[PDB]
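Submitted below is the structure of interest, expressed as structure tokens.
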Amino acid sequence: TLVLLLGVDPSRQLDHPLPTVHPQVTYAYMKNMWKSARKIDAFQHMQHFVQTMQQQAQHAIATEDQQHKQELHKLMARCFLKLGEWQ
């Protein structure tokens, strides 16, 4: 289900980073990945993901995308919490 939404297969390309387009999807993939016991790998992607997110907020902040930014922080927050609980 998630592979179809992501656009590509992370499962095949283990070395590559996860795609950031449609972030709510990407986030769902990692927390799926964690339940599937690739939990050292999930954690590593999650650290990468949040660095992308906080830069994706910072670099893309104009006055226009305030609704997008508000959803992007609500996401980052839920990422950060998982990070903690996983660590």
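Compute the relative contact order of the chain as a whole-number percentage, counting only Cα pairs closer than 8 Å that sit 6 or more residues apart in sequence.
Once normalised by length, the contact order is 24 percent.
Calculate, in whole percent, how much of the Cα-Cα pair population of the chain lies beyond 16 Å.
For the chain, the fraction of Cα-Cα distances above 16 Å is 52 percent.
HN-Hα J couplings of the range 6-13 from phi, Karplus 6.51/-1.76/1.60, θ = phi - 60°, integer Hz, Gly and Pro as x?
Computed from phi, the couplings for the range 6-13 are 3, x, 9, 9, x, 3, 6, 8 Hz.
Can you tally the net charge around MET76? Count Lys and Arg as +1, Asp and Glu as -1, for every other residue whose Cβ sits under 13 Å from the Cβ of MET76. Please report the intermediate quantities before stating the final value.
Values: positive: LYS69, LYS74, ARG78, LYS82; negative: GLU71.
Neighbour charge sum, excluding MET76 itself: +3.
Please name whichever of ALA77, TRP34, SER11 sits farthest to the positive end of the charge dipole of the chain, dipole taken about the Cα centre and charges placed at Cβ: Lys and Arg +1, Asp and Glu -1.
Sorting the options by dipole projection puts first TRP34.
Another question, then. State to the nearest 20 debye the size of the charge dipole of the range 1-73 about its Cα centre, where the only charges are +1 on K and R beta carbons and -1 on D and E beta carbons. Before the final figure, lay out the partial values.
Working: 6 positive and 6 negative charges, 71 e Å.
Here the range 1-73 has a charge dipole of around 340 debye.
A further question follows. Can you give the helix-only mean residue ellipticity at 222 nm for the chain, where every DSSP H stretch with n ≥ 4 adds -39500 (n - 2.57) and the sum goes over all residues, rounded to the nearest 500 deg cm²/dmol?
-22500 deg cm²/dmol
Note that we place each Cβ from the backbone using ideal geometry, even for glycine, and neighbour counts take in every protein chain shown. We did not get these values from a lab; they are worked out from the coordinates using the rules stated.
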